[PDB]
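What follows is a single chain, given as structure tokens, in the form deposited in one PDB entry.
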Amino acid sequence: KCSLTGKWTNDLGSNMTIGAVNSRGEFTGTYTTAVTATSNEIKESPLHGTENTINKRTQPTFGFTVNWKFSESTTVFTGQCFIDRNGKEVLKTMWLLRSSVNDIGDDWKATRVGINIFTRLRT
């Protein structure tokens, strides 16, 4: 039931747009982040993921990657699409954000972690 294809929003204000998913579970899309950790003018980036098909679960598991266009940075999201009591969709995700570093000896700090909630937009 829960479908990833469409236009979602975050508790941070981000805007993601996913296209349709396949047979292979794959989808594509674009992210418009509203916050950055990088001091660079934010720009609409592409996200590539995949959705789980293992059994027609009305509430699949998903993950996707964001290739930031404005940072040497990479973000990954994983989560599950849930069907509320309101009858409403809900991505409950969690993400890891890697920062680019110049030494294997500094990598240990290269990574942050958090959540995000996505919902849908009207119209």
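Take the two forms, superpose them, and find the largest set of C-alpha atoms that agree within 1.5 Å; that set is the rigid core. Residues that one form lacks are left out of the comparison. Note that residue numbering follows the sequence shown and begins at 1.
Not pictured, yet referred to below: the form deposited in another entry.
- Residue shifts between the shown form and the other one, rigid core superposed: of 67, 32, 40, 78, the only C-alpha displaced by 2 Å or more belongs to 40.
- In summary, the C-alpha positions of residue 35 and residue 93 diverge in the other form, ending up at least 3 angstroms farther from each other than in this conformation.
- In contrast to the form presented, in the other form the C-alpha positions of residue 38 and residue 6 draw closer by 3 Å or more.
- In sequence order, 35-42 is the sole run of at least 3 consecutive residues whose Cα positions differ by 2 Å or more between the shown form and the other one once the rigid core is superposed.
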